[PDB]
Amino acid sequence: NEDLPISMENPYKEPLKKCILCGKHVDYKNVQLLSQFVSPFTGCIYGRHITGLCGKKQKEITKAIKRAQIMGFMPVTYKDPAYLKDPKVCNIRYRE
Amino acid sequence: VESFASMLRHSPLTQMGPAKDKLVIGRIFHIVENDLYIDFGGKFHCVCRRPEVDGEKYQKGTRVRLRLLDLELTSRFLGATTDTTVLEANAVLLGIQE
Amino acid sequence: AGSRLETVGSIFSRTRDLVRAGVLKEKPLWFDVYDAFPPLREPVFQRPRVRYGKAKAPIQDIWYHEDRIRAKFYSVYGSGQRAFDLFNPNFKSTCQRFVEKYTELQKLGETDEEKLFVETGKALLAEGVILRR
Amino acid sequence: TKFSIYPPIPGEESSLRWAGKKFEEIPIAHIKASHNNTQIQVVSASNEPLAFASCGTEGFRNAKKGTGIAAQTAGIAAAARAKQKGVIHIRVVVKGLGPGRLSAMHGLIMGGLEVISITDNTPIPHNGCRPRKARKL
Amino acid sequence: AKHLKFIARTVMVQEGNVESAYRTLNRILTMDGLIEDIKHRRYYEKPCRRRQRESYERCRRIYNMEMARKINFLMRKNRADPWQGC
RNA sequence: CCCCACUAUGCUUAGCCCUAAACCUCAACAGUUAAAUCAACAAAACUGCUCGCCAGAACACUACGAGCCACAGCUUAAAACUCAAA
Ligand code: FES
Ligand SMILES: [Mg+2]
Ligand SMILES: [Mg+2]
Ligand SMILES: [Mg+2]
Ligand SMILES: [Mg+2]
Ligand SMILES: [Mg+2]
Ligand SMILES: [Mg+2]
């Protein structure tokens, strides 16, 4: 009989979801990108429940932010005002 | 003599593939106030709210267009060894089948 | 009256044993019918088990060759604007027409999936069915 | 023009003005709201102390000193002494989470000064010194 | 101390609405965790107590999320009875 | 217990001391999920193999001996009297 099902991997398998930064290089010198994941008012680094990043890229962003802050590329206690008008990628609203 | 394997292979439900975001025709078979129970040929019916636009046309036997999301709504919860089912399909009511 | 130990044996074995032992004076009405036409499995109680380790359910996923084609279709031409009618036992979707034409082109021609895809699309458009990518 | 909740940047030229002066020229009201006292000092943009008033300098003593009414009185008096020096607009900078954090600002507004911006400067160490042990009450 | 002033934790007032600006500042300081940090730093929290507290809060959040998901999933069945009488 | 002040100590360097609810209170490797699942609770139930340890309570994280940079210390660790329980 030819009608029997055949062993096979799911062809309808949807691709696994990817974070916004997947495949992209995160550099401590790219302060513009790093500033998109810190609080505008306190400079505190957002958690992954806000940034939506995967664990690997969350760690990469955290390390890059600390490196840039200590090496004299990024402010610590606030987000640099030059980057306040960049696209908002974090799921947080201060009702400001 | 057609075997069960051939029936399953050439069945429309088998041919449809994944049920997510598929347009189907359903038939209203029961109405409870503003809740319409619709069969679209699956194991379970789907229950939809009567639209506010031309709501009077939705009567028993009426043919409607649905966008399927799930053939059956199930989910496993904390501390359970088996899924919990509501015995209902998930669908979006689009309109009447002209 | 018979034993109420529903987890020991089955109703048939219990009734047969008690009839043989003299506890039951007469066989119940269903005993002869059961004995002449038994079920495929004797209804003995069993406690269902949770599986662990490498033990896996032996149920296989149902896949057919044309599913691959269907997948490509639903990713390229998207879900057909025409709606499915599952009540019709012989309903034929646009994807099913594409699958049939693909299989015919495969059987009357060569085996290169991409060429089969484009040839099938051309043939269906020639037939006169709209297929927006 | 959409109101910007963020302050102007001293570098970037902006059009916001208050009595013809820029943001970086307005006097600053530094409020220190401790747990038992509230101290308000008005200084210029060039750090010239204009007025100073706390809950202690206004006669309140001991536990009455760390109250909202005491902070309101201190704010009113600081606003008066600053009004006697040509201050109408101020930028507020609060430090501490004491009871008079808002009452002192209320007093400053009620004394005649206009508040254009609020800033928080409460000290938050990123784990510097070790605090004292919790009370066994 | 070494940073530029009047940028961090600074709110502008709109049309003299001082109270709205102050409440927005309170909202920001609470959402960024600074209020909780200041309140927790008044006295020293022992490392073991800190670890226990964080574990408890994480597990409580997870459990509450799961319970909320369960109730939201079972709220679909909550409607008018369709087979009244039988 | 609350408030204030201030030591040994918490730190660095070089040596000691060798103790913890040093706990996942689960010994290491390999395998199984079929059985009757299974005293109970903890943390689903077991199998093969190896090492370590345990044979009523208390006396006893004790005495003596031995070893130790330790000298009010650590490791190892009893017996007599007593009880019908623990
Ligand atoms: S999802 Fe791939 S790097 Fe984040
Ligand atoms: Mg000292
Ligand atoms: Mg433990
Ligand atoms: Mg070992
Ligand atoms: Mg000891
Ligand atoms: Mg000795
Ligand atoms: Mg000893």
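Residues numbered from 1 in each chain as written, not as in the entry; some residues may be left out. Chains lettered and ligands numbered in written order. Part of a larger assembly, values for the part shown. Heavy atoms only, no water.

Looking at the method and resolution fields of the entry, one finds cryo-EM and 2.85 Å.

Draft legend 1. Geometry of the overall build of chain E. Looking only at helices and strands, chain E has three helices and one strand in total. Secondary structure elements in chain E, listed N-terminal to C-terminal, are β-α-α-α. The globule rule puts the C-alpha radius of gyration for 86 residues at 12 Å, and the 23 Å found for chain E is more than 25% above it. Based on the C-alpha atoms only, the size of chain E along its principal axes is roughly 75 × 50 × 20 Å. A burial count over chain E gives 24% of its 86 residues as buried. Of the side chains in chain E, 21 bear a positive and 10 a negative charge, and the two mean positions are spaced by 5 Å. (Helix = DSSP H or I, 4+ residues; strand = E, 2+ residues; numbered from the N terminus. Rg over C-alpha atoms; globule rule 2.2 N^0.38 Å. Buried < 20%, exposed > 50% of the residue type's maximum accessible area, 1.4 Å probe, protein only. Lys, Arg positive; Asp, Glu negative; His and termini not counted. Charge placed at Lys NZ, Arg CZ, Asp CG, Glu CD.)

Draft legend 2. Geometry of the packing of helix α2 (residues 100-110) of chain D against helix α1 (residues 18-31) of chain E. Between α2(D) and α1(E), the shortest axis-to-axis distance is 12 Å and the interhelical angle comes to 160°. Judged by the inter-axis angle, α2(D) sits roughly antiparallel to α1(E). For the pair α2(D) and α1(E), the sense of crossing is right-handed. Contacts from D:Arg101, D:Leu102, D:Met105, D:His106 and D:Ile109 in α2(D) reach E:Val18, E:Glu19, E:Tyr22, E:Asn26 and E:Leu29 in α1(E). Among the residues making up the contact of α2(D) with α1(E), the classes are represented as six nonpolar, two polar and two charged. (Axes fitted to C-alpha atoms, helices over the stretch in contact; angles between N-to-C directions. Parallel < 35°, antiparallel > 145°, perpendicular 65-115°, else oblique. Left-handed = near helix turned anticlockwise from the far one by under 90°. Contact = heavy atoms within 4.5 Å. Nonpolar A, V, L, I, M, F, W, Y, C, P; charged D, E, K, R; others polar.)

Draft legend 3. Spatial organisation of the environment of A:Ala64. All names here are of chain A. As for its position among the elements, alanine 64 is in helix α3 (residues 55-71). For the pair formed by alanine 64 and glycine 52, sequence separation is 12 residues and the distance between their alpha carbons is 17 Å. In contact with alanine 64, not counting residues within four places along its chain, are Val26, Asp27, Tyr28 and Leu34.

Draft legend 4. Structural context of the interface of chain D and chain E. At the interface, 36 residues of chain D touch 25 residues of chain E. Of the roughly 3,000 Å² buried at the junction of chain D and chain E (both faces included), carbon and sulfur atoms supply 66%. Ranking the residues of chain D by area buried against chain E places D:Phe3, D:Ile118 and D:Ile124 at the top, with a combined share of 20%. Summed over the shared surface of chain D and chain E, the number is one salt bridge. Taken together, the links from chain D to chain E amount to 12 residue pairs in polar contact. Broken down by element, the side of chain D that touches chain E gets its largest block of residues, six residues, from strand β5 (residues 114-120) of chain D. Here β5(D) pairs with strand β1 (residues 10-12) of chain E via three bridges, running antiparallel. Counterpart to D:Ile118 in the pairing with β1(E) is E:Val11. (Buried area = accessible area lost by both parts, 1.4 Å probe. Salt bridge = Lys/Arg side-chain N within 4 Å of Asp/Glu carboxyl O. Polar contact = N/O pair within 3.5 Å; in protein donor to acceptor, adjacent residues only side chain to side chain. Pairing = 2+ DSSP bridges.)

Draft legend 5. Structural context of the layout of surface pockets. Of the voids in this model, the second largest pocket is the one considered here, and its volume is about 1,100 Å³. As for the second largest pocket, its lining consists of 39 residues, of which A:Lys85, D:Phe3, D:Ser4, D:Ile5 and D:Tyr6 are closest to the centre. Counted by class, the lining of the second largest pocket contains 22 nonpolar, seven polar and 10 charged residues. (1 Å grid on protein atoms, 1.4 Å probe; cavity = no way out; pocket = protein on both sides within 12 Å on 5 of 7 lines; lining within 4 Å. Points joined across faces, edges and corners; volume = space filled by probe spheres on them.)

Draft legend 6. Focus on the sheet that holds strand β2 (residues 35-39) of chain B. All names here are of chain B. Here five strands make up an open sheet; going across it, the order is β3-β2-β1-β4-β7 and the pairing antiparallel. Since the sheet does not close on itself, it has two edges, and those belong to β3 (46-49) and β7 (90-96), each with one partner. With direction set aside, neighbouring strand axes in the sheet form an average angle of 45°. As paired strands, β2 and β3 are joined by four bridges and run antiparallel to one another. Directly across from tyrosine 37, in β3, lies its bridge partner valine 47.

Draft legend 7. Layout of the protein's contact with RNA strand F. Surrounding RNA strand F, one finds C:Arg47, C:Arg49, C:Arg51, C:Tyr52, C:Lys54, C:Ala55, D:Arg132, D:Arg135, D:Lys136 and D:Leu137. A share of 53% of the atoms of RNA strand F within 4 Å of the protein falls on sugar and phosphate groups. Contact between RNA strand F and C:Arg49: a sugar or linking oxygen at 2.7 Å from a side-chain N or O atom of the residue. Within the side chain of C:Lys54, one N or O atom sits 2.2 Å away from a phosphate oxygen of RNA strand F. (Near = heavy atom within 4 Å.)

Draft legend 8. Representation of the arrangement of the chains within the structure. Inter-chain contacts occur across seven pairs of chains; the most extensive set of contacts lies between chains D and E. A gap remains between chain C and chain D, with no contact made and the closest C-alpha atoms lying 42 Å from each other. The two units chain C and chain E are non-contacting; their minimal C-alpha-C-alpha distance is 23 Å.

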